[PDB]
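Reviewing the structure listed below.
A short reminder: the numbers here are calculations on the coordinates, not readings from a lab. For neighbour counting, all protein chains shown are included, and Cβ atoms are generated from backbone atoms with ideal geometry for every residue, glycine included.
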There are 2 protein chains.
Amino acid sequence: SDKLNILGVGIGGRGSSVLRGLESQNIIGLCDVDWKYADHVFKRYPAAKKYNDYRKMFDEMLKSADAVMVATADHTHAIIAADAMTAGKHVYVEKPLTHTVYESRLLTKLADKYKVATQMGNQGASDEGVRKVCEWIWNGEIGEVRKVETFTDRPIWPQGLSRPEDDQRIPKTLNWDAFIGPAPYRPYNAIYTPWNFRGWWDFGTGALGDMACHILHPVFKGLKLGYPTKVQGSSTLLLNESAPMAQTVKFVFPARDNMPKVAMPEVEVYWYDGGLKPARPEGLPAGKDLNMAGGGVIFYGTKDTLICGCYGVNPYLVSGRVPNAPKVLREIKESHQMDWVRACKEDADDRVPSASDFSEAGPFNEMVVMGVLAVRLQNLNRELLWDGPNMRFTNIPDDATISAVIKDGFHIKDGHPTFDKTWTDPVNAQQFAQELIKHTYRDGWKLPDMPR
Amino acid sequence: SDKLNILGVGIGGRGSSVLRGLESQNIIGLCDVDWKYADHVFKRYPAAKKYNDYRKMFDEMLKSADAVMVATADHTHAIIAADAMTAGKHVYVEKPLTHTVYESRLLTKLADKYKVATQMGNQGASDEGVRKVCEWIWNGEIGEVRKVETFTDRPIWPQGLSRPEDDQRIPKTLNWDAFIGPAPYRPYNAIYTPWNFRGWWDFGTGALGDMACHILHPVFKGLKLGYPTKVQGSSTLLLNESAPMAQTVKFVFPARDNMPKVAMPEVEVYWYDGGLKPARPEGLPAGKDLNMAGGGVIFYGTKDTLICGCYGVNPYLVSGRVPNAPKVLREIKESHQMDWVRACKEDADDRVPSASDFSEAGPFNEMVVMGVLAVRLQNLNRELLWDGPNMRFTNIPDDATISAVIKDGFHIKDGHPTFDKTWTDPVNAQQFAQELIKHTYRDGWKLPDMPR
Ligand SMILES: NC(=O)c1ccc[n+]([C@@H]2O[C@H](COP(=O)([O-])OP(=O)(O)OC[C@H]3O[C@@H](n4cnc5c(N)ncnc54)[C@H](O)[C@@H]3O)[C@@H](O)[C@H]2O)c1
Ligand SMILES: NC(=O)c1ccc[n+]([C@@H]2O[C@H](COP(=O)([O-])OP(=O)(O)OC[C@H]3O[C@@H](n4cnc5c(N)ncnc54)[C@H](O)[C@@H]3O)[C@@H](O)[C@H]2O)c1
């Protein structure tokens, strides 16, 4: 075989471009819950069998397949990728890898156990920018880094939404039940899909899922990060079902092993989104935009400051100097899609992993999705202390409760303001947190077990 | 110590409580543009003459008066206060003192020149919390302070509004033209007044004017701040007519003279609003809410960290120490209103200033309203350098521009997102900045000249 047999799952949007990148291989089956939105894609590949439920497609065609591309809404990435991998299939899974920390940990351990090739779809990991960021840091060009600031201008779509009140009929071209997948059932509405799932906690991850995997990748790889020890967030109005218009997250990562030319001390990483930006770094010329391609990253080293854009693009040092550092990272010639295909075909003993192999991308996505935890737990009024190995917070009190705003009810009558707002009934904070870290799947939807 | 003859201007909201605080004096005339909203207040003082235009009331009654209470929308405070002061009258003017930098500088110099008693309406300046904050700092209890963080949970009303497009008839109880005052004319709508002027750049100052004078007072007086040297801000979606949902501002203030027990080095002050908070200070117990009575302040000293709420309330030290520091500030026994009345009656040669005398409140309000500048100028992508003496920024390029969003146009059609936005026509940034610092008054409305 020179051609992989690939099944595509979630094809109408980003999946479309990913499949174009994989087109030289064999697209034998395509699954999409929405046969209207995805129609143009099924008709670029007339020969592939059409499905509208991945489980049906898997039962019929996982024999014929080597690999699965997944570009569904975030909340279903895990269950799909896990079923594919446990059947011994290679997987390309769009960023963010999974909806939850637990799901990321599971995909990481499954990739190892079944020895398949994996690729999270953060395509910047395969470009030149990151390679420079890493090589500069590792060669001592900026000294040690105790503080990084990062941001995106996303969200650029409306968030902070309330559950829409009208009921809508489910189009006959849409398999609403399979869209819901393991999440709690709720009535259909177009506000949820296509595309707009990003703002709903049960289905997407807000700006963190939209952008963070692109923005933070050079931070995570360059500073060799693992599990954070602490995290805290704040946001604009935090609703119970929808993510906020803007948020800030501060992580702390412990010291790692030093490298010959650069120490790796404890490091704070700040995240800003929704218009908020870090303060301008000292020495940067007035007027230089910190946003390049949707965001920025600032590494504050003891000898200099390294700044890059989203996707690791166009790194520079604020001193103006251009280093000439030793090359250490594999220089990737294929697209992000095709570099994975290469890996899929090398024997497992011998395999050169692609750039977003889940052995990196898993722990990385756990940082991204921890942003969501921090923000959703902000009313606990504490720095949250994370035990990474055991996937729990250690300092949420037994009797703490958490509630969220359902709807802002501000009104003015004849000049007199009223500040009403509905709140959810307080729930136990530890159980709410535990459930965000690891969801209770709706009956009929099951993850494979954690190995061992 | 007979009774002051007081005129009131802007009486239907806050003015109502302020008049209650002054009621043992003679309320001889009241002016309000809105005779429906303000009716209950006119009828608590049936012997005062009623007016709906301050200029009319001043031409008839400034002879008879000693003092004027101003609690109008922000954009009219300065012209009213200034006309009163130039006639030799004492003034109580609600926070924020003025809409603009220039107007604050003018009210400051008029107060000195005419030797009248003044009081900005930040009533926290007369309570005990700030005395403790100041006394602890000045006695060296927390060492030197290089960093302060501050915030409020406001706005708790909707901002980010677009100009309404419907035609609304002017109620016959409303003097819309006198509401506009020196601002640019626009069509009437109830969205602007009463109360809701706060989020419109032409009339209010957003969360900064609603809360900052309350929150930052202990910072400004405790660290003996004057003019900042630098400022920068970011926000959620910055619109052309309405303030954003949330914002951050960083000020830098230069070193002042040291006091015997505490040095006064260069200090950075941060401001956050609309849900955003500063990261939790090191040492603060888990669970302790940083918001007390609407926000909070954190002073990071070399020896300890001092935290207070809004209004300077309930100051404490993170180490748990409670100092016993020498008393230095006058212990104010009368209300914030009546402490001003006392000052009004002392001869100017002898006068003990009330706690929000414009000699402090003027420069303080300049910091507040500088936050508005920073946010409205954020597209310049630079830390702005402020020359306080000359009321100008020194590093805005002569050909730079500013454009703002008029209306977000996001929509989804058949799952495809479209991201359009209308923008204003770019204007020259120096002219735009100069105009925010010093408004061009609408024809027929003039300030007194700056004294020298
Ligand atoms: N790498 C990048 O640059 C990038 C860019 C855009 C999107 N993404 C990611 O790709 C994913 C998809 O987002 P999008 O913008 O393509 O969204 P979208 O909703 O436009 O397209 C998703 C498609 O998947 C289908 N789908 C959803 N759930 C399904 C399920 N359970 N089974 C089968 N089909 C299902 C939908 O019907 C739709 O056609 C998200 O993970 C998003 O984070 C990555
Ligand atoms: N010190 C505090 O704690 C505190 C609390 C609330 C309000 N404020 C301040 O008080 C001021 C008033 O705000 P508010 O909430 O009372 O607003 P409001 O709109 O409820 O009341 C303002 C009143 O003044 C009238 N008014 C407006 N412009 C006028 C003008 N040019 N001439 C005459 N009357 C006019 C309005 O009709 C209304 O009666 C604002 O500057 C606000 O910052 C201070």
So which pairs qualify, if the first residue must be in segment B:185-207 and within 14 Å of another protein chain (Cβ to nearest Cβ) and outside any loop (DSSP other than H, G, I, E, B), the second must be aromatic (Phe, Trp, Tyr) and within 11 Å of ligand 2 (Cβ to nearest atom), the Cβ gap must be under 6 Å, and the two must be at least 6 apart or on different chains? B:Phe197/B:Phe203
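Against the condition within 14 Å of another protein chain (Cβ to nearest Cβ) and buried (at least 22 other Cβ atoms within 10 Å of the Cβ), how does A:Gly296 come out, does it pass?
Values: within 14 Å of another protein chain (Cβ to nearest Cβ): yes; buried (at least 22 other Cβ atoms within 10 Å of the Cβ): yes.
Against the criterion (within 14 Å of another protein chain (Cβ to nearest Cβ) and buried (at least 22 other Cβ atoms within 10 Å of the Cβ)), A:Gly296 qualifies.
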Has segment B:80-100 got any residue that is within 30 Å of B:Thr422 (Cα to Cα) and within 16 Å of the chain's Cα centre (by Cα)? yes
Output the residue which, of all residues in segment A:18-40 that are within 14 Å of chain B (Cβ to nearest Cβ) and surrounded by fewer than 20 Cβ atoms within 10 Å (Cβ to Cβ), is nearest to ligand 2 (Cβ to nearest atom). A:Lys36
Only one of these conditions is not met by B:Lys147: (1) part of a strand (DSSP E or B); (2) within 16 Å of ligand 2 (Cβ to nearest atom). Which number is it? (2)
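Can you tell me which of B:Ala279, B:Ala286 is surrounded by fewer than 21 Cβ atoms within 10 Å (Cβ to Cβ), closer than 11 Å to B:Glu149 by Cα and within 11 Å of chain A (Cβ to nearest Cβ)?
Answer to the check: B:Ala279.
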Pick from A:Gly15, A:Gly21, A:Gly10, A:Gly29: which is within 14 Å of ligand 1 (Cβ to nearest atom) and touching a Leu at 6+ places or on another chain (Cβ under 6 Å)? A:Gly29
With the condition kept exactly as written, say whether any residue in segment A:291-308 is touching a residue at least 12 places away in the same chain (Cβ under 8 Å), in a strand (DSSP E or B) and touching a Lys or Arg at 6+ places or on another chain (Cβ under 7 Å). yes
Scan segment B:1-36 for residues that are assigned to a loop (DSSP other than H, G, I, E, B) and of a type outside the set (A, V, I, L, M) and jot them down. B:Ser1, B:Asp2, B:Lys3, B:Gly10, B:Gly12, B:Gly13, B:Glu23, B:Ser24, B:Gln25, B:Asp32, B:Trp35, B:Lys36
Which residue out of A:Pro397, A:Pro389 is within 29 Å of the chain's Cα centre (by Cα), surrounded by fewer than 17 Cβ atoms within 10 Å (Cβ to Cβ), assigned to a loop (DSSP other than H, G, I, E, B) and more than 12 Å from every other protein chain (Cβ to nearest Cβ)? A:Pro389
I need the full set of residues from segment B:333-374 which are farther than 24 Å from B:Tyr227 by Cα and not in a loop (DSSP other than H, G, I, E, B), in order please. B:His336, B:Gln337, B:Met338, B:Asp339, B:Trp340, B:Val341, B:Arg342, B:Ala343, B:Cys344, B:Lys345
Looking only at segment A:38-83, count how many residues are small (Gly, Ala, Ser), within 8 Å of ligand 1 (Cβ to nearest atom) and out of contact with any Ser or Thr (no Cβ under 7 Å at 6 or more places or on another chain). 2
Suppose we filter B:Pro228, B:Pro187 for residues that are in contact with a strand residue (DSSP E or B) (Cβ under 6 Å, 6 or more places away or on another chain), away from ligand 2 (no atom under 14 Å from the Cβ) and of a type outside the set (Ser, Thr, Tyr); which single one remains? B:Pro228
Restricting the search to segment B:400-426, which residues are of a type in the set (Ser, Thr, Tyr), surrounded by 11 or more Cβ atoms within 10 Å (Cβ to Cβ) and not in a loop (DSSP other than H, G, I, E, B)? B:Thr401, B:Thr422
Scan of segment B:150-184 for residues that are assigned to a loop (DSSP other than H, G, I, E, B) and either among the acidic types (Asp, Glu) or at positive phi (or both), ordered by number: B:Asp153, B:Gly160, B:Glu165, B:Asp166, B:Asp167, B:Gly181
Confirm whether B:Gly274 is buried (at least 22 other Cβ atoms within 10 Å of the Cβ), more than 12 Å from chain A (Cβ to nearest Cβ) and closer than 26 Å to B:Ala243 by Cβ. no
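When you scan segment B:232-250, how many residues do you find that are part of a strand (DSSP E or B) and out of contact with any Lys or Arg (no Cβ under 7 Å at 6 or more places or on another chain)?
Count: 8.
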Are any of the residues in segment A:250-261 buried (at least 24 other Cβ atoms within 10 Å of the Cβ) and within 11 Å of chain B (Cβ to nearest Cβ)? yes
Quick check on segment B:212-225. Is at least one of its residues more than 17 Å from the chain's Cα centre (by Cα), away from ligand 2 (no atom under 12 Å from the Cβ) and either surrounded by fewer than 19 Cβ atoms within 10 Å (Cβ to Cβ) or not in a loop (DSSP other than H, G, I, E, B) (or both)? yes
